[PDB]
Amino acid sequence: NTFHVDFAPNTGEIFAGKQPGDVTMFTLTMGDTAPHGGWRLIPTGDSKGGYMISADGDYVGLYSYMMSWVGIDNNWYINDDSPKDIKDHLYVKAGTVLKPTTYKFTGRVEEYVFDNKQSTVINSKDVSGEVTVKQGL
């Protein structure tokens, strides 16, 4: 089926400290050419509520560009009817302190349709990814 999703950690190195600017932790690309109503990311496990979890026991908040956070529902969502693959990124807010360790994210992605118009889930995939933060000496 034409539904597809790519959840990948960012290739570039991340450095421990107060992040100098917005830094992408993960890249998320999902799409379908044939009809649907929208898309959502439901964080799972210890990612509950939009969080990366460190091997030091720290949660760090993830933010989105394309989608919008609904905490009442614990999901990022975006409503769009179009074939164009959605280019979205999970990132950390500037000034966010990162520690030189391994940050994990688990979730599941869902696709839907509106009739009428309340969410019916057409597809799901379980995304996950990790990013290991380097150090500045």
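A residue's number is simply how far along the shown sequence it sits, counting from 1.
- When the C-alpha B-factors of 127-135 and 4-12 are averaged, 4-12 comes out higher.
- For the pair 25-33 and 96-104, the mean Cα B-factor is higher in 25-33.
- Per the deposited record, the Cα B-factor of residue 54 falls in the lowest third when ranked against the other modelled residues of its chain.
- Among the modelled residues of its chain, residue 71 has a C-alpha B-factor that falls in the middle third, as given in the PDB entry.
- Ranked by Cα temperature factor within the chain, residue 41 sits in the middle third according to the deposited record.
- Per-chain ranking of the deposited C-alpha B factor places residue 62 in the lowest third.
- For residue 89, the recorded CA temperature factor ranks within the middle third of the chain's modelled residues.
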